[PDB]
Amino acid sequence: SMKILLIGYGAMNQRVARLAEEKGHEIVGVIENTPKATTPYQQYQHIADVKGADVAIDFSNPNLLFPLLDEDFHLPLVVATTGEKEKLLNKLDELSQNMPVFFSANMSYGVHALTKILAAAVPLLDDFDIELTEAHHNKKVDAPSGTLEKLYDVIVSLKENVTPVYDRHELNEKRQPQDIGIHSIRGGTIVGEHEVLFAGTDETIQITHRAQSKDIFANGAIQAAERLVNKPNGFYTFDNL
C-alpha cells in the first residue's frame, strides 16, 4: 500500500486515483492550480503539508510547476509532461539530488518496450522497406502522433538516410530505399495504435502496439511509483528505473 499525493487533478490523475484505489493504494492529497469542489480528496498547496505521502504522481503542465519550487520536501516524484520540458527538467534535475525523481514524457511501459523492440529490429532488417502507420480517434488533430515520431526517431538513429513520405496520392514517384511512408488513420474513439511495417522480398514483419485505454499511462505512472519508492536519490527514466 502506497499513500499517493496527486499533483494536478485533470483527466489523467482522475484515472490514477481510480486505478490506485483499485490496487489498494490511498490518495492522501491533491495539489491543483484551481482547487475544484467535488474533488473528493484533501486539497493542499505544498507537498510538505501532505504528511504520510510515500510518492507524488504528477501529470504536469506549466501551471503545475509551483509545488516543485518549494525547498522543504523530500518525496519520490513521478512526473510526466508534453511539449515544453526544459524548465521542468532543470527543476527535476535539481530535485533528484535530494529525492528519487522519475520522468517520462510517455508513461506507458508498453510504448517504452515497443521502442526497444523496434531498436532491436532495425539493424536486423536494414534491407526491408519501412512504413509507419498510426491510428487515433476522430478528435485528434495533429498528424502524425508523437508516438509515431518517437518510433521514427529510433529508426533515424539507426539509419544513415531517412526521408519521410507523408502522402503518395498524385506524388507519382518511385519509392527509394531511404523513404519511410507515414500514415495517419483517424476514426472513431481509437485510443492509439502504432504499426511498424518492414517489407522485404516476399515477406513482411509487422510490429504493432495497440492501446485499449489511456489507463495505460495512469497505470504506467502508478507502477513507476511502486518501483521508485525504494530507489536511492537520483534521476530515473524507464531506462534505469
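The numbering used is simple: start at 1 and walk along the sequence shown.
Of the two stretches examined, 216 to 224 and 20 to 28, the record assigns the greater average C-alpha temperature factor to 20 to 28.
The deposited model assigns a higher average Cα B-factor to 36 to 44 than to the other stretch when 36 to 44 and 205 to 213 are compared. The entry assigns its greatest Cα B factor, within the set 91, 169, 112, 139, to 91. Sorting 133, 163, 97, 147 by the CA temperature factor given in the entry leaves 97 at the top. Looking at the C-alpha B-factors along this chain, the one for residue 51 belongs to the highest third.
In this PDB entry, residue 13 carries a Cα temperature factor that places it within the lowest third of its chain's modelled residues. Among the modelled residues of its chain, residue 153 has a C-alpha B-factor that falls in the middle third according to the deposited record.
Among all modelled residues in its chain, residue 241 ranks in the highest third by Cα B-factor.
In this PDB entry, the Cα temperature factor of residue 2 sits in the top third of its chain's modelled residues, the highest group.
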